[PDB]
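Number of protein chains: 2
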Amino acid sequence: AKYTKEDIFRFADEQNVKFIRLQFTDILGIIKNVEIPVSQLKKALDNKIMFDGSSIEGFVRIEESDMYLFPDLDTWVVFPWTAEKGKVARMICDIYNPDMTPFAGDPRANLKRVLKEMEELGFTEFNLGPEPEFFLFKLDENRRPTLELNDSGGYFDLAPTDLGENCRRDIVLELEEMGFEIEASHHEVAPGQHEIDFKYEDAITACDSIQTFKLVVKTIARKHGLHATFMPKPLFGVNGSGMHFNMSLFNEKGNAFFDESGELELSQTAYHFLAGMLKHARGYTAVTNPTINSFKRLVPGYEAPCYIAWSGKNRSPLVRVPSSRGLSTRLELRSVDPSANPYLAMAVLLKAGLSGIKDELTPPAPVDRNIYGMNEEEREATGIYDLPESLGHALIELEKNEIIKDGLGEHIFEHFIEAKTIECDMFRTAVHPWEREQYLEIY
Amino acid sequence: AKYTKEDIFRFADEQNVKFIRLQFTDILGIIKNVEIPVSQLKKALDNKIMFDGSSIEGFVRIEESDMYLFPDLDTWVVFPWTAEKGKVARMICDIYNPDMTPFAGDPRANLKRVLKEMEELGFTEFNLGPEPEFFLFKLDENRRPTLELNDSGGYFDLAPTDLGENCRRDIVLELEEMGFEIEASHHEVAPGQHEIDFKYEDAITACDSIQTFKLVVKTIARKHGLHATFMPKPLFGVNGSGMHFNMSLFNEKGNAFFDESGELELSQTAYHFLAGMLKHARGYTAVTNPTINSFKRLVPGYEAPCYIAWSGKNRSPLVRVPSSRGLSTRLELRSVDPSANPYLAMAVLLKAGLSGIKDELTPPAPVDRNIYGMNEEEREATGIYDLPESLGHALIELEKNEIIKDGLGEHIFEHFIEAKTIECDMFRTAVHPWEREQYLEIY
Ligand SMILES: [Mg+2]
Ligand SMILES: [Mg+2]
Ligand SMILES: [Mg+2]
Ligand SMILES: [Mg+2]
Numbered sequence: 002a003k004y005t006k007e008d009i010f011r012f013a014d015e016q017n018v019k020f021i022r023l024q025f026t027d028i029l030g031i032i033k034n035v036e037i038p039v040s041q042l043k044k045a046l047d048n049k050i051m052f053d054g055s056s057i058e059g060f061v062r063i064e065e066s067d068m069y070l071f072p073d074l075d076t077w078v079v080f081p082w083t084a085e086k087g088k089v090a091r092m093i094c095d096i097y098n099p100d101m102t103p104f105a106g107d108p109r110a111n112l113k114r115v116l117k118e119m120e121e122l123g124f125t126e127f128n129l130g131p132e133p134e135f136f137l138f139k140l141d142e143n144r145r146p147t148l149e150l151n152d153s154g155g156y157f158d159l160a161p162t163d164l165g166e167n168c169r170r171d172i173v174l175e176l177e178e179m180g181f182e183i184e185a186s187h188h189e190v191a192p193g194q195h196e197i198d199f200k201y202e203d204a205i206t207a208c209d210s211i212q213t214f215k216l217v218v219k220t221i222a223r224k225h226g227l228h229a230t231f232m233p234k235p236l237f238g239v240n241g242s243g244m245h246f247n248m249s250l251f252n253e254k255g256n257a258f259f260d261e262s263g264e265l266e267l268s269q270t271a272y273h274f275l276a277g278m279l280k281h282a283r284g285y286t287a288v289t290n291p292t293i294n295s296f297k298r299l300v301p302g303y304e305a306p307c308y309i310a311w312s313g314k315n316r317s318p319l320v321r322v323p324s325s326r327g328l329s330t331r332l333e334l335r336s337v338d339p340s341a342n343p344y345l346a347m348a349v350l351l352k353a354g355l356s357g358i359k360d361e362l363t364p365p366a367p368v369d370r371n372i373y374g375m376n377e378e379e380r381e382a383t384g385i386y387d388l389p390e391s392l393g394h395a396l397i398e399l400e401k402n403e404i405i406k407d408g409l410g411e412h413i414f415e416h417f418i419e420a421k422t423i424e425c426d427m428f429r430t431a432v433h434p435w436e437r438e439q440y441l442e443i444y
Numbered sequence: 002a003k004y005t006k007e008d009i010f011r012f013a014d015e016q017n018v019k020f021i022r023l024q025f026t027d028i029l030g031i032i033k034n035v036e037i038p039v040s041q042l043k044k045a046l047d048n049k050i051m052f053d054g055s056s057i058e059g060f061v062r063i064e065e066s067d068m069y070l071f072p073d074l075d076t077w078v079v080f081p082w083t084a085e086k087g088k089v090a091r092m093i094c095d096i097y098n099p100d101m102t103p104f105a106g107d108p109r110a111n112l113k114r115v116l117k118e119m120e121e122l123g124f125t126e127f128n129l130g131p132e133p134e135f136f137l138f139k140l141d142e143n144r145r146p147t148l149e150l151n152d153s154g155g156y157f158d159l160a161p162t163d164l165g166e167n168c169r170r171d172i173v174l175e176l177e178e179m180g181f182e183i184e185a186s187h188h189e190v191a192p193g194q195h196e197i198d199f200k201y202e203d204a205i206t207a208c209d210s211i212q213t214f215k216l217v218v219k220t221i222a223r224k225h226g227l228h229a230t231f232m233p234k235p236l237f238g239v240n241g242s243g244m245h246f247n248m249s250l251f252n253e254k255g256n257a258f259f260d261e262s263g264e265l266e267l268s269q270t271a272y273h274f275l276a277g278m279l280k281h282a283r284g285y286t287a288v289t290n291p292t293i294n295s296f297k298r299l300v301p302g303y304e305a306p307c308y309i310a311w312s313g314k315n316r317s318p319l320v321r322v323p324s325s326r327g328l329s330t331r332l333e334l335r336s337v338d339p340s341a342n343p344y345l346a347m348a349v350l351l352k353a354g355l356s357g358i359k360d361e362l363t364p365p366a367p368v369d370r371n372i373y374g375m376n377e378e379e380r381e382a383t384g385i386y387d388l389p390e391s392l393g394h395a396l397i398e399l400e401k402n403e404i405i406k407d408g409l410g411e412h413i414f415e416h417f418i419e420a421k422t423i424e425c426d427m428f429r430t431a432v433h434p435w436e437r438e439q440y441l442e443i444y
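Residue numbers (PDB author numbering), protein chains in the order written: chain G, 2 to 444; chain A, 2 to 444.
Okay, structure coming up:
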């Protein structure tokens with residue numbers, strides 16, 4: 002109980018907020034909210050706010066249903082970019098049915114249910130540290146994004162320098178002032194691409210931090226006349242954007258992935274988690290990469306994980322184990338992209354990893370032979386397998402796998418399948434300028 | 002120990018810095034950094050910051066490797082152009098392997114190793130005073146550099162005058178406020194070309210000053226709506242940019258290059274250093290001039306050193322001995338250009354000079370006959386030789402010479418050659434508008 006009702010009332014009185022955003026996330030990952038005056042703060046705290054519940058279902062909404070908007074007190078945050086005409090505050094809200102039951106279609110409720118399963122299994126918390134990457138594009142005269150980048154930087158380069166602008170520095174400073182924990186920020190290898198690293202907190206707080214980070218990055222960029230994009234592959238021939246998850250499992254004693262007497266300073270729980278992640282990776286590749294453009298990033302190379310393997314020496318595997326040990330022991334999954342929904346992503350990941358622990362699966366031997374060059378026979382000889390190359394194959398894998406369905410729940414599963422199938426069908430029937438430019442003259 | 006941890010913490014508290022740049026330099030000389038909030042200052046001081054170590058390898062990075070970022074306390078500098086939303090500070094950081102060993106590929110660690118060799122040989126310090134030259138170009142409407150210069154000045158001319166602008170004066174003032182020692186500044190013979198001279202400090206501090214000077218010049222030129230360029234030969238028919246090194250060797254008694262009883266008021270150590278520099282000049286010409294455009298500056302003339310000779314009267318040799326003596330006795334090398342990496346440059350220079358002392362080589366007799374006009378037979382009769390005329394020949398000379406390889410280390414040597422051969426091959430296969438404009442109609 003970080004905050005209480007009286008604390009929220011006192012904060013609203015003493016920083017004098019007049020606008021409150023009760024925000025939530027739908028299946029597609031879009032940040033949605035209802036906006037109320039500060040005079041209705043009491044009704045929000047009393048959990049009596051109605052809203053059109055079909056909104057969270059996305060564009061496939063059919064039947065309107067009124068449902069509650071139970072908020073969370075620990076997520077009270079006041080934005081500074083509010084001028085003098087009243088402050089603005091946001092609160093992450095749970096979705097509840099009118100019968101005082103959490104909605105099955107709420108990703109946050111699904112993540113809470115999966116975490117409850119973890120806790121009743123014997124663990125305490127599921128820490129996550131994400132490393133999102135975003136692109137910045139110069140706006141046009143009509144406040145429209147262009148295809149030109151703000152600077153021609155490089156990997157870890159000091160590209161934006163100083164003396165005003167430097168949107169990454171301003172974003173980091175605003176996030177720090179607002180009350181977030183930032184480890185480090187740098188320039189990614191692609192021009193105009195930046196990465197900001199976060200500390201390690203709980204899974205739900207990790208989702209809240211990710212969503213708030215997306216909102217803050219978009220807002221600050223817009224103010225500085227730029228456009229912030231989290232689409233994985235904005236341009237061809239340019240490196241994509243990733244959201245690598247550094248995740249660790251904790252118990253009553255402490256870190257469950259650390260053991261000085263084990264191989265690689267890893268506990269058997271860590272190996273079971275690795276086996277569970279590797280076995281079902283093809284299953285949840287769709288959840289971790291929910292967009293068509295996401296699979297354009299997953300191409301064979303030296304930085305895009307398109308194989309199913311784990312390593313700790315050669316790096317660039319599907320799952321990488323950082324050299325740090327002790328309380329910082331963790332397993333990194335590099336196939337996640339910023340367009341993914343964090344709630345569903347760690348829901349399916351936790352389920353897969355925990356199933357690997359329940360089944361006590363033995364992970365395959367790590368590969369440190371730089372798996373990009375070996376022949377197809379060599380890859381087939383080892384347990385190396387490729388991730389799905391398109392959204393349709395990933396959807397088929399989702400429809401085949403059953404554990405990921407349980408981790409996602411029913412309602413979320415069918416809604417995700419319907420939306421993704423509609424999107425794939427729309428992409429399939431479209432005619433692109435590539436086909437015209439390479440067949441109009443030839444044929 | 003100029004500063005300690007507590008001093009750094011007190012400074013961060015009392016000038017209220019909120020952004021810290023842990024900056025370093027790769028093989029190619031590009032300034033790179035990782036950016037952290039002030040809340041992580043403790044972790045930086047604890048030498049526990051990870052970063053992608055393949056970044057310093059340049060564009061030839063293959064395998065990702067995490068490695069430490071051990072900072073240096075004596076390089077704590079706070080930038081003034083930070084507005085009111087928190088200050089910005091930088092710290093030069095050493096690159097360390099995860100096993101508490103300095104990385105072999107770090108130029109700074111290589112320079113430290115060479116300096117350790119010097120100290121164990123019997124010397125104390127290797128003072129350097131550089132004289133970099135830079136160009137200023139007017140930006141376009143889209144903040145893009147143009148081919149027009151800010152003013153049509155001359156050699157030592159009072160071209161930028163006063164009443165605002167005058168980017169050189171502002172650069173000098175900001176550098177002085179920041180805590181750098183500046184001897185003098187003036188206008189170079191080319192229009193829009195300026196030179197700023199530095200005092201004489203240690204080699205590592207000289208590198209830090211050079212890198213900070215480049216960063217500050219670029220930032221200030223950008224803020225005044227100009228572009229600062231350190232490319233040696235921006236335009237054809239216009240004098241190039243040089244970074245002459247005024248270097249001296251010190252011992253316990255004092256200056257090792259000064260002797261009142263010796264010829265030209267020079268000690269035998271100075272003559273051995275001169276012989277070592279002259280013998281291996283063709284070897285390290287590639288390191289001192291690493292770009293393709295650099296050798297366009299090294300053309301026969303009256304100001305570009307393309308010969309291997311030393312003098313103190315006629316001036317414009319490869320190596321010039323200034324008339325000043327005593328504690329200011331020094332040897333000037335005029336073949337260095339601003340695009341070179343200072344760490345590698347003085348690493349190879351110190352090695353060559355010290356090898357000349359170890360071998361007690363006798364330098365050739367100085368030439369004061371204005372070596373531009375004598376016939377090729379006359380040049381061949383004397384020990385006058387030409388520097389490599391292209392990057393490829395310089396790379397071949399590097400591959401032949403072994404002492405320079407030892408001075409550079411292994412990892413740096415193979416990475417440098419690899420990247421430079423890729424740059425050379427890319428230049429060789431390109432088709433330039435010169436070929437079109439002089440063959441499209443003729444043939
Ligand atoms: Mg990254
Ligand atoms: Mg990562
Ligand atoms: Mg000069
Ligand atoms: Mg000079």
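All C-beta atoms in this analysis are idealised placements derived from N, C-alpha and C, irrespective of residue type, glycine included.
Margin query: Using a strict less-than 6 Å threshold between each residue's beta carbon and the heavy atoms of ligand 2, what residues do you get?
Written below: G:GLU132, G:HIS245, G:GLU333, G:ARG335
Item checked: Interfacial residues, the stretch 21–34 of chain A to chain G, with Cβ spacing under 8 Å -> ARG22, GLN24, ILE31, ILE32, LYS33, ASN34
Next item on the list: May I ask you to check if the CB of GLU196 (chain G) is nearer than 7 Å to at least one heavy atom of ligand 1?
Entry: yes
Note to self: What does the Cβ neighbour count give for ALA382 (chain A), buried or exposed, with the cut at 16 atoms within 10 Å?
What the structure shows: exposed
Next item on the list: Compare the C-beta of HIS187 (chain G) with all C-beta atoms of chain A and state if any pair is closer than 8 Å.
Entry: yes
Margin query: At the level of alpha carbons, what is the spacing between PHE274 (chain A) and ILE385 (chain G)?
Written below: 58 Å
Checklist line | Min CB distance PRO323 (chain G) to chain A below 8 Å | finding: yes
Margin query: ligand 3 and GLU189 (chain A): does the residue's C-beta get closer than 7 Å to at least one heavy atom of that ligand?
Written below: yes
Item checked: Three-way DSSP call (helix, strand, coil) for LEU70 (chain G) in this model -> coil
Next item on the list: Taking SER356 (chain G) as part of the beta strand (DSSP E), name the residues at either end of that continuous run.
Entry: From DSSP, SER356 (chain G) is part of no beta strand (DSSP E) but of the alpha helix (DSSP H) over 343–360.
Check: Do the stretch 298–317 of chain G and the stretch 201–215 of chain G make contact, defined as three or more Cβ pairs closer than 8 Å?
Finding: no
Margin query: Tell me which residues of the stretch 73–84 of chain A have at least one Cβ-Cβ distance to chain G shorter than 9 Å, keeping chain order.
Written below: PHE80, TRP82, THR83, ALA84
Next item on the list: Could you tell me the boundaries of the beta strand (DSSP E) in which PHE124 (chain A) lies?
Entry: Note, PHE124 (chain A): premise wrong, no beta strand (DSSP E); not H, not E.
Check: Given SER153 (chain G), which residues of its chain have a CB within under 7 Å of its CB, disregarding the five upstream and five downstream residues?
Finding: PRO192
Margin query: With a threshold of 8 Å, are at least 3 pairs of Cβ atoms found where one atom belongs to the stretch 195–207 of chain G and the other to the stretch 108–127 of chain A?
Written below: no
Margin query: Looking at ligand 3, does it come within less than 7 Å of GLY243 (chain A), judged from the CB to the closest heavy atom?
Written below: yes
Next item on the list: Identify, in the order they occur along the chain, each residue of the same chain with its Cβ nearer than 7 Å to the Cβ of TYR97 (chain A), setting aside the five sequence neighbours on each side.
Entry: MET68, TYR69, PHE71, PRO103, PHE104
Checklist line | First and last residue of the uninterrupted beta strand (DSSP E) at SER249 (chain A) | finding: 245–251
Check: So what does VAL18 (chain A) bridge to, in DSSP terms?
Finding: A:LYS88
Notebook entry, point to check: Excluding sequence positions up to five away, which residues of its chain have a Cβ less than 8 Å from the Cβ of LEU362 (chain G)?
Noted result: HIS273, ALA276, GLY277, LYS280
Notebook entry, point to check: Of all the CB atoms in chain G, is at least one closer than 8 Å to the CB of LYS215 (chain A)?
Noted result: no
Note to self: Using a Cβ-Cβ distance cut-off of 8 Å, determine whether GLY154 (chain A) contacts chain G.
What the structure shows: no
Note to self: Can you give me the C-alpha to C-alpha distance between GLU85 (chain G) and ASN17 (chain G), rounded to a whole angstrom?
What the structure shows: 10 Å
Notebook entry, point to check: Would you say the beta carbon of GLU177 (chain A) comes nearer than 7 Å to a heavy atom of ligand 3?
Noted result: no
Next item on the list: Look up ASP158 (chain G) in the DSSP assignment and say whether it is helix, strand or coil.
Entry: strand
Notebook entry, point to check: If we call anything under 8 Å between Cβ atoms a contact, is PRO146 (chain G) one with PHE135 (chain G)?
Noted result: no
Item checked: Secondary structure of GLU333 (chain G), DSSP reduced to three states -> strand
Checklist line | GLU134 (chain A) beta carbon near ligand 3 (any heavy atom closer than 7 Å) | finding: yes
Next item on the list: Give a yes or no on whether the minimum CB-CB distance between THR162 (chain G) and chain A is below 8 Å.
Entry: yes
Check: In chain order, what residues of the same chain lie with their CB nearer than 8 Å to the CB of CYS425 (chain G), ignoring the 5 residues before and after it?
Finding: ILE293, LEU392, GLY393, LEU396
Notebook entry, point to check: Which ranges would you report for the beta strand (DSSP E) in the stretch 273–345 of chain A if only whole runs of at least 3 residues count?
Noted result: 332–334
Item checked: According to DSSP, residues forming a beta bridge with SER186 (chain G) -> G:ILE197, A:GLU36
Check: How many Å lie between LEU216 (chain A) and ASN342 (chain A) at the Cα?
Finding: 14 Å
Notebook entry, point to check: Buried or exposed: which applies to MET101 (chain G), given that a residue is buried once 16 or more other Cβ atoms fall within 10 Å of its Cβ?
Noted result: exposed
Notebook entry, point to check: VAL89 (chain A) versus chain G: which residues are under 8 Å apart at the beta carbon?
Noted result: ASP163, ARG170
Next item on the list: Pull up the distance between the alpha-carbon of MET375 (chain A) and that of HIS188 (chain A), whole angstroms please.
Entry: 32 Å
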